[PDB]
Protein chains: 6
Amino acid sequence: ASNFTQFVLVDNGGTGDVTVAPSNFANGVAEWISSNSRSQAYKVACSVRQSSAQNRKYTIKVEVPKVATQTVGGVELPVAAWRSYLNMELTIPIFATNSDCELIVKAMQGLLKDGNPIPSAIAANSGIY
Amino acid sequence: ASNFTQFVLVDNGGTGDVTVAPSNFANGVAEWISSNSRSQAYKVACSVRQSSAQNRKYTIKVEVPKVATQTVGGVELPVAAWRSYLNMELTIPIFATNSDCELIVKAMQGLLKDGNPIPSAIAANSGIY
Amino acid sequence: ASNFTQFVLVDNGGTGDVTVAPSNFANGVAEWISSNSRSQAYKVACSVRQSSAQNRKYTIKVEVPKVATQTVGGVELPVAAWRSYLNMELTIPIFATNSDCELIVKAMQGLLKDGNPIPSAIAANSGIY
Amino acid sequence: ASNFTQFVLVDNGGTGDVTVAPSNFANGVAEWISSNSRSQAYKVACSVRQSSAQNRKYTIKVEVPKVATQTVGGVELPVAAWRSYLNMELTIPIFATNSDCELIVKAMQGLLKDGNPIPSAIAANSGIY
Amino acid sequence: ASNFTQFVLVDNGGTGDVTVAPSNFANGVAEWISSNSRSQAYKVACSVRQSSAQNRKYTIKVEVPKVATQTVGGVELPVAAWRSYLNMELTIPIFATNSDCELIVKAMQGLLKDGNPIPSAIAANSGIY
Amino acid sequence: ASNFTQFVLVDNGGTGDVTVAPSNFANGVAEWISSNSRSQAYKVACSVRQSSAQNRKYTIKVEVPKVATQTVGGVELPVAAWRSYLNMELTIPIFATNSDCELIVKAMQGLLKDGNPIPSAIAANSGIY
RNA sequence: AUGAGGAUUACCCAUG
RNA sequence: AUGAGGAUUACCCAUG
RNA sequence: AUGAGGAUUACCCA
């Protein structure tokens, strides 16, 4: 393979989708950003490393812009009021086969699937109740 | 409503789906576990807190076990050979609209969608390249 | 352009070939790992450095596992019964042109070509006689 | 039977081939040197030893000279302007059968096969990128 | 894509053009060198870092050698009589759009265009006056 | 000659080009600025000096305005969010002839030519990958 | 607060 | 961080 | 830096 390619991060049904493309590879950390200024870009970074003798660990970081009332190309301060940060760490024991790993991926997809508790709480500015 | 409902964590297409159900809300940490002995159960935990004055932070944790039967003291016990841990923290500014939040959910869904770079690396015990 | 890609480490006809894919390029050490359990995987690591004022030194490392299943208390895990370790260091003066480097590479390929003294002693659990 | 024989180190078609012939097998170190001035000659040395209770370790060494003439005071001598040094150590557990050793040899030949990442970085005065 | 490709550094109009090719990406520093012994090679290095919280900084270095052959110890070695060094650092705010960035690239191109003040002073061993 | 003259810094094909004209010469440092306020001007400064016994050194500084969403003639703070800074230092050994210097100029032009890695990374808000 | 810090994973570490 | 600070050029210096 | 020094292999030793 060669997985370092462009992909659709936000699928808005073909029209107005957000595609994110390879942008940096310094230090084995793959980065992908959207076609925007860096203050307004959708950003994704990923890396794997053997965290310890028994585990491998993926660190995935995502940055998503606050879009409501955004001024395209404008200087928007404070930076913290306009951006959301996602930080995921996936620890996987060295015994995990490809199949085991495929299941872990399904568990992550199910967790965020539409209609499930977590993605619905987040989308509605809520917690669990 | 009450978004504290059960959902299918691992969709194995109707047969051998792993569903997870509400199991505890003590200390403001919503927990869900599968129908197993607590030693072999999948587990999902979620909590939200107003981390800063202008942010809110969601902490989500998923544990995927590799089930086994272990002979301890000449007796067999339901056990987990190992566990894979997902730990994510999402920081969203208080200025984020519900539609801004839906954009964050869509970004996390596309990130893990089948065939995209990251879920591909993971499922194949590989890095991005 | 990129030479940090996947490649065939063990050519077994076109089936049973061992392929090693990029995994991590941290701190000037490029590492490649084969697929499936990291515990049973092949590993190749490589780095270059200016060893001294006139020399550049390459450090290559390869691990060939003896795949096996470990069973303990009824819990079986995929492991490497043992590993074979190869460590090589190649020093090249800064005066070497590209033609000199190509020759160094041919000297290395010839040393290990089938039928020559060295690869034949190794493949037979033997020394020189 | 004997594997302490002459062989082609650098295969240059069938002309300009560098052949290295047995020279001395003192103290368990088999050495091979190419013809003509010892000062401009290629050298290959090899030895095996029981590194520990379970391991046997091979130590291979190769030297590729940069042939040149030294002129001092009108007296010219055949010398090597500089040398490239290769040092490798291969550890193999005593549990390795002949089939395991053959595989180790294929792993070594593949690592250096033309076009693969390592031989290509070297032949081009480069690292991994 | 992968913008890590070879390019012609000195366009001598098809004949005696100096092209430079990707040669290392260790430590997040993209490097390119020409086909010479590392002692006589042209070299280009580039790296980007988020210097401040609101800036990004590119560090670019070019080395142009004056090639010579030097007799050291009565032996001739490929050498560089001297080297000319270009060191540039470009700081761009995170609020810069892609079109803002293209304006920076156009400004640097016009600056060095033939016949403009600066490239004229340099080429004539002169100052601006 | 007399090179201290007006020139086109940004060439937008005759229509809407940015011309920069001599503006200061205090201390042997030639300066050129566009026709704007100093907070929004395109600025260029240049000077040569014998850095040491063996080298002469050119220090070239450029400032480029963030134009997207700019308000012409307006007060835009913070200053750092609206401006990019280029700082080049060219060290040239005293042995460099005019011809040697012309080549150094070509190397600088080739580096920034359109389509080459560096100017493409910069223009796309990217690094090398 | 931060860390491509670690975990046996709602714990621990470091720095600030 | 800054320097029309230096270099043998991914290093060193000074100040802050 | 070297070592036909060792390894659980980018670690440890003289």
# chains A, B, ... in the order shown; residues from 1 in each chain; ligands from 1

call {"tool": "calpha_fit_and_write", "arguments": {"fixed": "chain F", "moving": "chain D", "output": "compact mmCIF listing (two decimals) with N, CA and C atoms, in the first residue's frame"}}
result
# COMPACT_ATOMS: atom_id res chain seq x y z
N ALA D 1 25.83 55.76 -12.83
CA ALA D 1 25.46 54.33 -12.55
C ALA D 1 24.84 54.22 -11.14
N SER D 2 23.91 53.27 -10.99
CA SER D 2 23.23 53.03 -9.72
C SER D 2 22.39 51.77 -9.80
N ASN D 3 22.44 50.95 -8.75
CA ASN D 3 21.64 49.75 -8.72
C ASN D 3 20.68 49.88 -7.53
N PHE D 4 20.69 51.06 -6.92
CA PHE D 4 19.78 51.35 -5.81
C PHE D 4 18.58 52.01 -6.48
N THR D 5 17.80 51.21 -7.19
CA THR D 5 16.63 51.70 -7.90
C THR D 5 15.41 50.90 -7.61
N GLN D 6 14.32 51.32 -8.21
CA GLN D 6 13.10 50.61 -8.00
C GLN D 6 13.07 49.36 -8.86
N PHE D 7 12.28 48.37 -8.46
CA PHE D 7 12.19 47.12 -9.18
C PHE D 7 10.94 46.37 -8.79
N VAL D 8 10.54 45.41 -9.61
CA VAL D 8 9.35 44.60 -9.36
C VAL D 8 9.68 43.44 -8.46
N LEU D 9 9.07 43.42 -7.28
CA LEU D 9 9.29 42.34 -6.34
C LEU D 9 8.36 41.20 -6.71
N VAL D 10 7.07 41.48 -6.86
CA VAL D 10 6.10 40.46 -7.22
C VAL D 10 5.59 40.77 -8.61
N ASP D 11 5.90 39.88 -9.53
CA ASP D 11 5.48 40.04 -10.91
C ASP D 11 4.12 39.38 -11.08
N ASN D 12 3.08 40.18 -11.24
CA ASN D 12 1.73 39.65 -11.40
C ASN D 12 1.28 40.03 -12.80
N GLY D 13 1.88 39.37 -13.78
CA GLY D 13 1.53 39.73 -15.15
C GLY D 13 2.10 41.15 -15.25
N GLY D 14 1.28 42.12 -15.64
CA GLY D 14 1.84 43.48 -15.73
C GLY D 14 0.92 44.38 -14.92
N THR D 15 0.01 43.73 -14.19
CA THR D 15 -1.00 44.44 -13.41
C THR D 15 -1.25 43.73 -12.06
N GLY D 16 -1.03 44.52 -11.01
CA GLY D 16 -1.12 43.97 -9.67
C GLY D 16 0.32 43.60 -9.31
N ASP D 17 1.28 44.12 -10.10
CA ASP D 17 2.70 43.91 -9.87
C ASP D 17 3.05 44.71 -8.62
N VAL D 18 3.89 44.15 -7.76
CA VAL D 18 4.32 44.88 -6.58
C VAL D 18 5.71 45.42 -6.89
N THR D 19 5.82 46.74 -6.85
CA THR D 19 7.06 47.44 -7.10
C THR D 19 7.55 47.99 -5.78
N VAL D 20 8.85 47.92 -5.59
CA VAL D 20 9.45 48.37 -4.38
C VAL D 20 10.45 49.46 -4.81
N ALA D 21 10.36 50.65 -4.21
CA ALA D 21 11.24 51.79 -4.56
C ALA D 21 12.22 52.17 -3.46
N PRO D 22 13.42 52.64 -3.82
CA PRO D 22 14.42 53.03 -2.82
C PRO D 22 13.87 53.95 -1.76
N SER D 23 14.20 53.71 -0.51
CA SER D 23 13.70 54.60 0.51
C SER D 23 14.78 55.22 1.38
N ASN D 24 15.79 54.44 1.74
CA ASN D 24 16.79 54.98 2.64
C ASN D 24 18.07 54.13 2.64
N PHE D 25 19.23 54.75 2.57
CA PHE D 25 20.49 53.99 2.52
C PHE D 25 21.38 54.46 3.64
N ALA D 26 20.92 54.22 4.85
CA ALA D 26 21.64 54.65 6.03
C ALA D 26 22.49 53.55 6.65
N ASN D 27 23.75 53.87 6.98
CA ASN D 27 24.66 52.90 7.61
C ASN D 27 24.88 51.61 6.82
N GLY D 28 25.10 51.72 5.52
CA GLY D 28 25.31 50.52 4.75
C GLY D 28 24.14 49.56 4.62
N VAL D 29 22.93 49.99 4.97
CA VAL D 29 21.76 49.13 4.81
C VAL D 29 20.83 49.80 3.81
N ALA D 30 20.74 49.26 2.60
CA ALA D 30 19.88 49.81 1.57
C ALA D 30 18.50 49.23 1.77
N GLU D 31 17.50 50.09 1.88
CA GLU D 31 16.15 49.65 2.10
C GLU D 31 15.25 50.09 0.95
N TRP D 32 14.27 49.26 0.59
CA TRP D 32 13.31 49.53 -0.48
C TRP D 32 11.93 49.26 0.12
N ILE D 33 10.95 50.12 -0.14
CA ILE D 33 9.59 49.98 0.41
C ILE D 33 8.57 50.16 -0.73
N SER D 34 7.45 49.45 -0.72
CA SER D 34 6.49 49.64 -1.79
C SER D 34 5.69 50.90 -1.46
N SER D 35 4.84 51.36 -2.38
CA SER D 35 4.07 52.57 -2.13
C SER D 35 2.83 52.43 -1.24
N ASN D 36 2.23 53.57 -0.93
CA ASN D 36 1.08 53.71 -0.07
C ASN D 36 1.45 53.55 1.39
N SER D 37 0.48 53.34 2.27
CA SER D 37 0.77 53.22 3.68
C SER D 37 1.98 52.39 3.98
N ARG D 38 2.88 52.95 4.77
CA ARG D 38 4.08 52.26 5.18
C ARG D 38 3.66 51.03 5.99
N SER D 39 2.50 51.10 6.64
CA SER D 39 1.99 50.00 7.45
C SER D 39 1.60 48.76 6.64
N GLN D 40 1.24 48.94 5.38
CA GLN D 40 0.85 47.83 4.52
C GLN D 40 1.86 47.51 3.45
N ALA D 41 3.00 48.20 3.48
CA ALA D 41 4.05 48.04 2.50
C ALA D 41 4.98 46.85 2.62
N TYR D 42 5.53 46.49 1.46
CA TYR D 42 6.50 45.42 1.31
C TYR D 42 7.81 46.11 1.60
N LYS D 43 8.77 45.36 2.10
CA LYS D 43 10.06 45.92 2.44
C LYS D 43 11.18 44.96 2.07
N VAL D 44 12.27 45.49 1.52
CA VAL D 44 13.44 44.71 1.15
C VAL D 44 14.61 45.51 1.70
N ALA D 45 15.51 44.90 2.45
CA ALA D 45 16.68 45.61 2.97
C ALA D 45 17.88 44.74 2.58
N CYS D 46 19.02 45.34 2.31
CA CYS D 46 20.19 44.58 1.91
C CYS D 46 21.48 45.28 2.33
N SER D 47 22.48 44.52 2.78
CA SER D 47 23.77 45.08 3.16
C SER D 47 24.86 44.04 2.93
N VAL D 48 26.10 44.47 2.73
CA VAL D 48 27.26 43.59 2.52
C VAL D 48 28.29 44.01 3.53
N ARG D 49 29.16 43.10 3.92
CA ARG D 49 30.20 43.42 4.88
C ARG D 49 31.27 42.36 4.80
N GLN D 50 32.49 42.72 5.17
CA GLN D 50 33.61 41.79 5.19
C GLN D 50 33.42 41.03 6.51
N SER D 51 32.69 39.90 6.49
CA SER D 51 32.41 39.12 7.70
C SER D 51 33.66 38.69 8.44
N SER D 52 34.69 38.34 7.68
CA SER D 52 35.96 37.96 8.26
C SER D 52 37.02 38.33 7.23
N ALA D 53 38.25 37.88 7.45
CA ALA D 53 39.31 38.23 6.53
C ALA D 53 39.09 37.73 5.13
N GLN D 54 38.51 36.55 5.00
CA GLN D 54 38.34 35.99 3.68
C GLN D 54 36.95 36.04 3.14
N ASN D 55 36.02 36.45 3.98
CA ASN D 55 34.65 36.44 3.54
C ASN D 55 33.96 37.74 3.53
N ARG D 56 33.04 37.83 2.60
CA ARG D 56 32.18 38.96 2.51
C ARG D 56 30.81 38.32 2.71
N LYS D 57 29.95 38.95 3.48
CA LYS D 57 28.64 38.41 3.78
C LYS D 57 27.52 39.37 3.42
N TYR D 58 26.53 38.89 2.69
CA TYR D 58 25.37 39.70 2.32
C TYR D 58 24.25 39.34 3.27
N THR D 59 23.43 40.30 3.65
CA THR D 59 22.30 40.04 4.53
C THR D 59 21.08 40.63 3.84
N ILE D 60 20.17 39.79 3.36
CA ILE D 60 18.97 40.27 2.68
C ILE D 60 17.77 40.00 3.59
N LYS D 61 16.78 40.88 3.55
CA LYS D 61 15.57 40.75 4.36
C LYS D 61 14.41 41.20 3.52
N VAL D 62 13.31 40.47 3.56
CA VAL D 62 12.11 40.78 2.79
C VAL D 62 10.90 40.57 3.71
N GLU D 63 9.88 41.41 3.57
CA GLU D 63 8.66 41.29 4.36
C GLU D 63 7.49 41.37 3.41
N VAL D 64 6.59 40.40 3.52
CA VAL D 64 5.40 40.35 2.69
C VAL D 64 4.24 40.51 3.66
N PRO D 65 3.45 41.60 3.53
CA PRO D 65 2.33 41.81 4.45
C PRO D 65 1.02 41.19 4.01
N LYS D 66 0.15 40.95 4.98
CA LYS D 66 -1.17 40.47 4.67
C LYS D 66 -1.99 41.71 4.93
N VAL D 67 -2.33 42.41 3.85
CA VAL D 67 -3.08 43.65 3.93
C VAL D 67 -4.48 43.48 4.54
N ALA D 68 -4.83 44.37 5.46
CA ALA D 68 -6.12 44.31 6.11
C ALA D 68 -6.43 45.67 6.72
N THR D 69 -7.68 45.88 7.11
CA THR D 69 -8.12 47.11 7.75
C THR D 69 -8.39 46.84 9.20
N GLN D 70 -7.86 47.66 10.09
CA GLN D 70 -8.13 47.43 11.49
C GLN D 70 -9.21 48.39 11.92
N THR D 71 -10.20 47.89 12.64
CA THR D 71 -11.25 48.77 13.11
C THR D 71 -11.33 48.68 14.60
N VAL D 72 -11.16 49.82 15.22
CA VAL D 72 -11.23 49.90 16.65
C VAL D 72 -11.98 51.17 17.04
N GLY D 73 -13.07 50.97 17.79
CA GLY D 73 -13.89 52.08 18.23
C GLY D 73 -14.47 52.88 17.09
N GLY D 74 -14.61 52.27 15.93
CA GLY D 74 -15.16 53.03 14.82
C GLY D 74 -14.08 53.70 13.98
N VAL D 75 -12.86 53.73 14.51
CA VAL D 75 -11.73 54.33 13.81
C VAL D 75 -11.02 53.20 13.06
N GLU D 76 -11.03 53.23 11.74
CA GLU D 76 -10.33 52.20 11.00
C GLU D 76 -9.02 52.68 10.40
N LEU D 77 -8.00 51.83 10.48
CA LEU D 77 -6.68 52.13 9.99
C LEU D 77 -6.21 51.05 9.07
N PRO D 78 -5.34 51.38 8.10
CA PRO D 78 -4.79 50.43 7.14
C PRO D 78 -3.63 49.77 7.86
N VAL D 79 -3.69 48.45 7.98
CA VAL D 79 -2.65 47.70 8.65
C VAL D 79 -2.31 46.43 7.89
N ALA D 80 -1.35 45.71 8.42
CA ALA D 80 -0.95 44.44 7.87
C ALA D 80 -1.46 43.49 8.96
N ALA D 81 -2.39 42.59 8.61
CA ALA D 81 -2.94 41.62 9.54
C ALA D 81 -1.81 40.81 10.19
N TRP D 82 -0.76 40.53 9.41
CA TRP D 82 0.45 39.81 9.83
C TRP D 82 1.47 39.94 8.71
N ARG D 83 2.70 39.54 8.97
CA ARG D 83 3.77 39.60 7.99
C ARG D 83 4.53 38.30 7.92
N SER D 84 5.07 38.02 6.75
CA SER D 84 5.87 36.84 6.50
C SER D 84 7.30 37.39 6.43
N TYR D 85 8.25 36.80 7.15
CA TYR D 85 9.61 37.33 7.14
C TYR D 85 10.65 36.44 6.49
N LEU D 86 11.40 36.95 5.53
CA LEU D 86 12.46 36.18 4.90
C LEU D 86 13.77 36.76 5.29
N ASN D 87 14.70 35.96 5.77
CA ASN D 87 16.04 36.44 6.13
C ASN D 87 17.12 35.58 5.52
N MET D 88 17.96 36.13 4.68
CA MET D 88 19.00 35.34 4.12
C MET D 88 20.39 35.92 4.26
N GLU D 89 21.38 35.04 4.40
CA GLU D 89 22.76 35.42 4.54
C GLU D 89 23.56 34.64 3.55
N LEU D 90 24.28 35.33 2.70
CA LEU D 90 25.08 34.68 1.68
C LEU D 90 26.56 35.00 1.91
N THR D 91 27.37 33.99 2.24
CA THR D 91 28.81 34.17 2.46
C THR D 91 29.59 33.80 1.22
N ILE D 92 30.46 34.71 0.77
CA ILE D 92 31.30 34.50 -0.42
C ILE D 92 32.78 34.87 -0.16
N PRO D 93 33.70 33.89 -0.28
CA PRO D 93 35.13 34.12 -0.07
C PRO D 93 35.64 35.17 -1.03
N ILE D 94 36.70 35.87 -0.64
CA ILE D 94 37.25 36.91 -1.47
C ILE D 94 37.96 36.34 -2.69
N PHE D 95 38.07 35.03 -2.80
CA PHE D 95 38.72 34.43 -3.97
C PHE D 95 37.78 34.24 -5.14
N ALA D 96 36.48 34.45 -4.91
CA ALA D 96 35.47 34.29 -5.94
C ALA D 96 35.57 35.34 -7.02
N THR D 97 35.73 34.90 -8.25
CA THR D 97 35.82 35.81 -9.38
C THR D 97 34.39 36.19 -9.76
N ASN D 98 34.22 36.98 -10.80
CA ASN D 98 32.86 37.33 -11.19
C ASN D 98 32.11 36.13 -11.75
N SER D 99 32.83 35.20 -12.36
CA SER D 99 32.19 34.01 -12.91
C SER D 99 31.70 33.12 -11.80
N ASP D 100 32.40 33.12 -10.66
CA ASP D 100 31.99 32.29 -9.53
C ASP D 100 30.75 32.93 -8.93
N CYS D 101 30.69 34.25 -8.88
CA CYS D 101 29.53 34.90 -8.31
C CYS D 101 28.30 34.70 -9.15
N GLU D 102 28.46 34.66 -10.45
CA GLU D 102 27.31 34.47 -11.31
C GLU D 102 26.70 33.11 -11.14
N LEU D 103 27.54 32.13 -10.87
CA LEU D 103 27.11 30.77 -10.67
C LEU D 103 26.33 30.68 -9.36
N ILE D 104 26.81 31.37 -8.33
CA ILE D 104 26.14 31.40 -7.02
C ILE D 104 24.73 31.95 -7.27
N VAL D 105 24.62 32.97 -8.11
CA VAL D 105 23.32 33.56 -8.41
C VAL D 105 22.43 32.57 -9.17
N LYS D 106 22.99 31.75 -10.04
CA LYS D 106 22.16 30.81 -10.74
C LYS D 106 21.69 29.72 -9.81
N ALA D 107 22.52 29.36 -8.84
CA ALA D 107 22.17 28.33 -7.87
C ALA D 107 20.99 28.84 -7.06
N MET D 108 20.97 30.13 -6.75
CA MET D 108 19.87 30.71 -5.97
C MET D 108 18.57 30.78 -6.75
N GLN D 109 18.65 31.12 -8.03
CA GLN D 109 17.47 31.22 -8.89
C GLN D 109 16.88 29.84 -9.16
N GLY D 110 17.73 28.83 -9.31
CA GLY D 110 17.28 27.47 -9.56
C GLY D 110 16.60 26.87 -8.35
N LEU D 111 17.14 27.12 -7.17
CA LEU D 111 16.55 26.63 -5.94
C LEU D 111 15.08 27.05 -5.84
N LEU D 112 14.76 28.24 -6.31
CA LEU D 112 13.42 28.78 -6.23
C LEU D 112 12.62 28.75 -7.50
N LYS D 113 13.15 28.18 -8.56
CA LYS D 113 12.42 28.12 -9.80
C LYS D 113 11.14 27.34 -9.61
N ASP D 114 10.09 27.71 -10.33
CA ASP D 114 8.81 27.02 -10.21
C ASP D 114 8.89 25.56 -10.51
N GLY D 115 8.24 24.77 -9.67
CA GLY D 115 8.24 23.34 -9.87
C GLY D 115 9.30 22.57 -9.11
N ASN D 116 10.36 23.25 -8.68
CA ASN D 116 11.41 22.60 -7.94
C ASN D 116 10.89 22.30 -6.55
N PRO D 117 11.48 21.32 -5.85
CA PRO D 117 11.00 20.98 -4.51
C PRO D 117 10.74 22.09 -3.50
N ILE D 118 11.68 23.02 -3.31
CA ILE D 118 11.48 24.06 -2.32
C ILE D 118 10.34 25.04 -2.57
N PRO D 119 10.31 25.72 -3.74
CA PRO D 119 9.20 26.65 -3.94
C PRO D 119 7.85 25.98 -3.93
N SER D 120 7.81 24.70 -4.27
CA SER D 120 6.55 23.96 -4.28
C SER D 120 6.06 23.55 -2.91
N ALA D 121 6.96 23.32 -1.96
CA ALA D 121 6.57 22.94 -0.61
C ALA D 121 5.97 24.18 0.03
N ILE D 122 6.67 25.31 -0.10
CA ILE D 122 6.26 26.61 0.45
C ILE D 122 4.90 27.08 -0.07
N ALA D 123 4.76 27.14 -1.39
CA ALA D 123 3.52 27.59 -1.99
C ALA D 123 2.33 26.74 -1.58
N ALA D 124 2.58 25.56 -1.05
CA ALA D 124 1.49 24.67 -0.66
C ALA D 124 1.37 24.45 0.83
N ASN D 125 1.99 25.29 1.64
CA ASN D 125 1.90 25.13 3.08
C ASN D 125 2.42 23.77 3.48
N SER D 126 3.47 23.30 2.84
CA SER D 126 3.97 21.97 3.12
C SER D 126 5.46 21.85 3.37
N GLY D 127 5.87 20.64 3.72
CA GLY D 127 7.26 20.34 3.94
C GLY D 127 7.67 19.41 2.82
N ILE D 128 8.73 18.67 3.04
CA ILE D 128 9.23 17.72 2.06
C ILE D 128 8.61 16.37 2.42
N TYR D 129 8.31 15.56 1.43
CA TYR D 129 7.72 14.26 1.69
C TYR D 129 8.08 13.35 0.53

call {"tool": "select_by_dssp", "arguments": {"residues": "segment 26-92 of chain A", "states": "helix (DSSP H, G or I)", "output": "JSON, numbers by chain"}}
result
{"A": [26, 27, 28, 79, 80, 81]}

call {"tool": "write_last_selection", "arguments": {"atoms": "C-alpha atoms", "output": "mmCIF file, in the first residue's frame"}}
result
data_model
loop_
_atom_site.group_PDB
_atom_site.id
_atom_site.type_symbol
_atom_site.label_atom_id
_atom_site.label_comp_id
_atom_site.auth_asym_id
_atom_site.auth_seq_id
_atom_site.Cartn_x
_atom_site.Cartn_y
_atom_site.Cartn_z
ATOM 1 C CA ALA A 26 8.741 15.741 9.325
ATOM 2 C CA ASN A 27 9.722 13.137 11.962
ATOM 3 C CA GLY A 28 7.507 10.287 10.871
ATOM 4 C CA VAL A 79 -7.141 31.409 18.903
ATOM 5 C CA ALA A 80 -8.759 29.317 21.646
ATOM 6 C CA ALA A 81 -12.244 30.616 20.984
#

call {"tool": "select_by_dssp", "arguments": {"residues": "segment 71-120 of chain E", "states": "strand (DSSP E or B)", "output": "PyMOL selection string"}}
result
chain E and resi 71-72+75-93

call {"tool": "write_last_selection", "arguments": {"atoms": "N, CA and C atoms", "output": "tab-separated table (two decimals), in the first residue's frame"}}
result
chain	number	residue	atom	x	y	z
E	71	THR	N	45.79	17.49	-3.28
E	71	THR	CA	46.81	16.48	-3.02
E	71	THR	C	47.14	16.45	-1.55
E	72	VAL	N	46.57	15.49	-0.85
E	72	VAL	CA	46.81	15.31	0.59
E	72	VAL	C	47.62	14.01	0.72
E	75	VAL	N	48.38	12.05	-2.35
E	75	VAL	CA	47.21	11.40	-2.95
E	75	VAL	C	46.16	12.48	-3.32
E	76	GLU	N	45.45	12.28	-4.42
E	76	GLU	CA	44.45	13.26	-4.84
E	76	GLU	C	43.03	12.95	-4.38
E	77	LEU	N	42.39	13.92	-3.74
E	77	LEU	CA	41.04	13.75	-3.26
E	77	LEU	C	40.10	14.80	-3.83
E	78	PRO	N	38.83	14.42	-4.13
E	78	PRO	CA	37.82	15.34	-4.66
E	78	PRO	C	37.50	16.24	-3.47
E	79	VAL	N	37.58	17.53	-3.67
E	79	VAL	CA	37.43	18.44	-2.56
E	79	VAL	C	36.69	19.72	-2.99
E	80	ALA	N	36.38	20.58	-2.02
E	80	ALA	CA	35.72	21.85	-2.31
E	80	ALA	C	36.69	22.95	-1.85
E	81	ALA	N	37.20	23.77	-2.78
E	81	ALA	CA	38.12	24.84	-2.43
E	81	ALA	C	37.49	25.74	-1.35
E	82	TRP	N	36.20	26.01	-1.48
E	82	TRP	CA	35.44	26.82	-0.52
E	82	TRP	C	33.99	26.60	-0.79
E	83	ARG	N	33.15	27.15	0.07
E	83	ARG	CA	31.72	27.04	-0.05
E	83	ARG	C	31.07	28.35	0.27
E	84	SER	N	30.01	28.63	-0.46
E	84	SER	CA	29.23	29.83	-0.24
E	84	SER	C	27.95	29.36	0.46
E	85	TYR	N	27.51	30.05	1.51
E	85	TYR	CA	26.33	29.63	2.26
E	85	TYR	C	25.18	30.60	2.25
E	86	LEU	N	23.98	30.14	1.92
E	86	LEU	CA	22.78	30.98	1.94
E	86	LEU	C	21.93	30.48	3.09
E	87	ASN	N	21.48	31.36	3.96
E	87	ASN	CA	20.69	30.95	5.09
E	87	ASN	C	19.50	31.83	5.18
E	88	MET	N	18.32	31.28	4.99
E	88	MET	CA	17.16	32.12	5.09
E	88	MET	C	16.10	31.63	6.04
E	89	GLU	N	15.42	32.54	6.71
E	89	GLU	CA	14.36	32.15	7.62
E	89	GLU	C	13.18	32.99	7.26
E	90	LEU	N	12.05	32.35	7.05
E	90	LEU	CA	10.87	33.06	6.67
E	90	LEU	C	9.80	32.83	7.73
E	91	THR	N	9.30	33.90	8.35
E	91	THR	CA	8.28	33.78	9.38
E	91	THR	C	6.94	34.24	8.82
E	92	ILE	N	5.96	33.35	8.81
E	92	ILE	CA	4.63	33.61	8.27
E	92	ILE	C	3.57	33.45	9.37
E	93	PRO	N	2.68	34.44	9.56
E	93	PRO	CA	1.65	34.29	10.59
E	93	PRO	C	0.68	33.14	10.28

call {"tool": "residues_around", "arguments": {"residues": "residue 14 of chain I", "least_positions_apart": "4", "cutoff": "12 Å", "atoms": "only C-alpha atoms (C1' of nucleotides)", "output": "number ranges by chain"}}
result
I: 2-3, 5-6
